[PDB]
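Taking the form whose entry title says "open conformation", here's one chain by itself in structure tokens.
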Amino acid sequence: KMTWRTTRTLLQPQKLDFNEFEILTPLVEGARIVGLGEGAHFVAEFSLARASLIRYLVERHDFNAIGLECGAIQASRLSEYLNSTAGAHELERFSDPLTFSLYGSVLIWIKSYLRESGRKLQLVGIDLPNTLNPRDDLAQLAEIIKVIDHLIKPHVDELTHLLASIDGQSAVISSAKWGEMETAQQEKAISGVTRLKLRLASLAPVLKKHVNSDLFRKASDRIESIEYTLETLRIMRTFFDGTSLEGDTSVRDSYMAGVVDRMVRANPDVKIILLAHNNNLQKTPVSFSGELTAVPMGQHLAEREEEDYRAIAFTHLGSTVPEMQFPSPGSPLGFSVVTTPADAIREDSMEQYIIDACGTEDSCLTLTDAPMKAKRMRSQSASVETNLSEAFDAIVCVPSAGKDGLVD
């Protein structure tokens, strides 16, 4: 049998009992990276649970950064939203549609939580621009290299003209405008980025020596972002083209793995809460039917020799779940979020053990530290099949998954 604990206050950030969460201190001990999952995007109970566990990890375990599925320039605008107590400091002016929908309630809660608690937290973007629009990365790169390697400002500029066509506000719309370029131009862009990355890597010893050592670090981060953005656009154009080779979806997660890895050693004092989907936080291959859909970011991260990565998945016992529907014409993001039947709970489901251990009407929290018949877990409206004792450290379960209010 397992270690479980009913947590009644879990869905109430304001009125929280931290003793309910003492179950988590064994695995939060000597961890520097902990992922707060979500069985599906856009779920209100999952934002509530995320805020409560954020407040727990912060106030009892000194976590000082939050990782988001947004590019690092998106994240720096969110940190402007956070610290600004100025007039009309609304989130709609420091976020984009998809960021707003994925993270809105959490971000509003966090802004008001740090203004009411004096604590300060470091927002970090661990993802590509979640719009897959490379313009910001390209423009900031051009501004850095004009100082540290002006001789290849032309190429950068031409690159941004070559990619100016990629202005979507979602992954799918920029994907569609990427499939609209003829392939000679796609290849021109990809090869030009690889050439840039190699010149910069090779000149590093002298480019570090101009202005500040950190401008080269930022230029390399921007180039990494762009390279993986273009390769995600390609991989996705082939997903809706039937040329999608098994496993390609691992690429974006690998980027995020790298981004987390490279940052945590660089600032060895950072304890980072990660807000990312269950499939990204997972530590084993993501498989819905036995195929290898992706190596998740967390599998890479579990290979960190320091063994200080923990993954806490979030799931629910509800009958419905918000689900993304493609396409949704006219919708700002090229998809819509519709209430759809969750995947059925079966005898090999984590959720069926949750029913048979905690009940159906109080949120639950358990360790995976025990052999178990549970092979499966809800993800979006489908399910993943995996060893759940090695895919996640913990499992938070809530009775139901309702659409978070502010997504539209």
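All residue numbers refer to positions in the sequence shown, first residue = 1. Rigid core here is just the name for the largest C-alpha set that superposes within 1.5 Å across the two forms. Only residues modelled in both forms are compared.
The next section is about a form of this same protein that is not shown, the form whose entry title says "closed conformation".
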Using the rigid core as the fixed frame, list which single one of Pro205, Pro268, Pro154, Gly290 shifts its Cα by at least 2 angstroms between the shown form and the other one.
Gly290
Change in CA distance between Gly290 and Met350 in that other deposited form, which is 3 Å or more, as closer or farther:
farther
Between the shown chain and the other structure, the Cα gap of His210 to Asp157 differs by 3 Å or more. Is it closer or farther in that other deposited form?
farther
Mobile segments between the shown form and the other one [3+ consecutive residues, each C-alpha shifted 2 angstroms or more, core superposed]
210-213, 288-293
